[PDB]
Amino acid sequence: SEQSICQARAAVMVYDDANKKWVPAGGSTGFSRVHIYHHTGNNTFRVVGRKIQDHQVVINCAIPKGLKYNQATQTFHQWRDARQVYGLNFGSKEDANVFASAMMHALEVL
């Protein structure tokens, strides 16, 4: 049972450490609709994004308590897990604000 707490437009990127380059998540350049989903049973939150064109899930990652969410610019935000670096290149500042708000809220209530 998952409730969407936000939707934002972004091109989801992951960092290729070996080549020191951002690459499109899922291998597919383009914009996705990126949700934060809240599972109320255990108060968990995940980032789940699907490409606008073909619906591919290109990101599905946990939001752990204590995450450092970096707002590098008004339209490019990023964070890390133990394996990967993620970046969201938002379609607008408004989308970056919506998503950052929801993320920051999740991080306050975890």
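Note that residue numbering follows the sequence shown and begins at 1.
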query	finding
Residue stretch of maximal mean CA temperature factor, 12-20 vs 95-103	12-20
Segment of higher mean CA temperature factor, 21-29 or 85-93	21-29
Lowest, middle or highest third - CA B-factor, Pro64	middle
Lowest, middle or highest third - CA B-factor, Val58	middle
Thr44 by Cα B-factor - lowest, middle or highest third of the modelled chain	middle
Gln71, C-alpha B-factor rank within chain (lowest, middle or highest third)	middle
